[PDB]
Structures are given as C-alpha cells and as structure tokens.
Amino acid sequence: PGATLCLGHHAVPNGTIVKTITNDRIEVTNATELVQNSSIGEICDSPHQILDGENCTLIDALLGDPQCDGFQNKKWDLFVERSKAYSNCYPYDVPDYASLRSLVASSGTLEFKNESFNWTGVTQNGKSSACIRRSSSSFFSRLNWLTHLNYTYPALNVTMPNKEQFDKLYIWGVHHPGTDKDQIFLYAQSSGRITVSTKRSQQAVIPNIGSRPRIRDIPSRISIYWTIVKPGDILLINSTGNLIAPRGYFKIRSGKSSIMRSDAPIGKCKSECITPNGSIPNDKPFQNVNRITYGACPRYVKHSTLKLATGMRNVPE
C-alpha cells in the first residue's frame, strides 16, 4: 500500500488585509497596527510634571496677573495653556510675544527673586482699576509702575549687578499714555526715554502717545520687553519716564520643559507621550493623533492605518 506524506502550513478562518509592494490588498494570518489612532482623552500627570494654567496664559503668570498669583515660583515639565484663558490686568502686548513665551516655557520655572533698585525720587507701586486684586485696584505683581513725585520726574540711573552663577531674566516695559495730557499727569513731561543695557546688549524704547480702543476703560497700553544678564554682567536702567520697572529677576533654567495648548483634562495615570488630544500609548512607532507631541512619542504620519504583517499569507480551506 505504501504511504503518503504531505508538507503544508497553517491557516486561519479570520485573516487580515495588508499592503505590499506588488499588491495593496493581501490576506495574512495575522498583523499588527503600527499607527496609534486614539488617545485616552486626558493628559496623564505622570511621569512628566504637568502645570495646568487653567484661566492663565504662561505670559500672564509671568507678569503677575492677579488671577495667576497661585502660579508664583512654580515649576513644570509641561505647561498646559487652556483656550479659555484670558487677561485681566492692565492692557499690554509683547513685541515678539512668541519668543518670550518660548523662552519661559523651555526654562520651565517662574522662580522669582525680589531685588531692591534705587527708585529714590519717584512714586512706586502705581496701580489701576483694570487690574483688580482682592477687590482693590492693583497691578502686575512682578512689575513696578513708577510715576512722578512732587510733580517732578528725576532722570533715573540705576544699576543691578549679576553676582550669581546663572543668567537672570528681567521683565520690564514701557507705558504708552493714551493722550499727551496723561503723559503729563503721570510723568511730568512729554518726552519719556528708556535705555536698558548690559555689557552685551542695549535696548532703547520711546513711548508712543495715542489713543487705543479701551480695554477695561483703559486707552493706554504697556509694551513688555525682556533682558538677559550673564554672570559677571550688570543691568543698567537709565530712564526719564514711562518705565514699567522690574521688581527682580527670574531664574532661566535649561531642560526638557515646554508648553502645549490643550483643553484635555489632567488625569491620574502614567504615559510617556502627551498630545493636545490627551496622552497616547507609545508602543507603536507611528501615530496620526496630533502633530504636536511631548515626550517619547510615536512619529506623526498622515495615514490612518499601517498594518505590519506578522504571519504568512492566509490560504484557508
């Protein structure tokens, strides 16, 4: 009678379709998805240190908007900015706003050290009803509005040396009075001059008097500027008016910190990768959830699915 010996392979009733070089629909015994398509819908607070800004932009928490007082001296790996955030102090703008937001975000801290400048002949602590703190007219916590004293404004010339072992970030600004009369009412002359300088940098601003639309009944504006002072360098402020003075410096660190716009809630979980949609698993090498990512993340691609075959061609009976 003899015998018959047959060589063969396995098959499954439920195969998976994959793409190949010669065929874009071919069935294999098994495959695995290489594109992460979903998030858990929330941002895990581990392992990265998450700082929820809630109602505050990072820039507002930097200057000292009253609703952002709880953010003083906070640190973060990822600062989360909400779309509901709003400013609620003196109306201001920042020339190259994105660069300051970027430098503070990558530094990852609001650690602030108060300093005693010699504002001898001026009125400190200028306030306004547009910036309300504890049911009272106030101002940015980290800025010092200087006005005249005895209807005179003396030409300031103040020094601040950097004897630390790190760089200093000074936030200052210039006031833009809405009218030529306000420029007299505040600084007792029509020509304000500002010259902030170090051994490595010089900055000069002139106020621009004119009417802007009113925000919280204020037609005036503030323009924020910043200066970096190296170790061994010296800050030198020389102004005859309209100067929004710094109250001190921020430590500028360098690390893994950044910022992300997201409305996803923060959750109690662990995930290396964060997207504005929420955290995603990072076992797969690709993802189509969001091009904006933070951490050990799969690379963003525009394909919704890419199945890697993990078995032979499926030929069922």
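Heads up: residue numbers just count along the shown sequence, starting at 1.
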**Asked** So which stretch wins on mean C-alpha B-factor, 65-73 or 272-280?
**Response** 65-73
**Average Cα temperature factor in the PDB entry - higher stretch of 238-246, 105-113** = 238-246
**Item:** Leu156 - which third its CA temperature factor falls in, relative to the rest of the chain
**Value:** highest
**Asked** What third of its chain's C-alpha B-factors does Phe79 belong to: lowest, middle or highest?
**Response** lowest
**Complete:** Entry-reported C-alpha B-factor of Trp145 relative to its chain, by third, is highest
**Asked** According to the PDB entry, is the CA B factor of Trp119 in the bottom, middle or top third of its chain, that is, lowest, middle or highest?
**Response** highest
**Asked** In terms of the CA temperature factor given in the entry, to which third of its chain does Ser201 belong: lowest, middle or highest?
**Response** middle
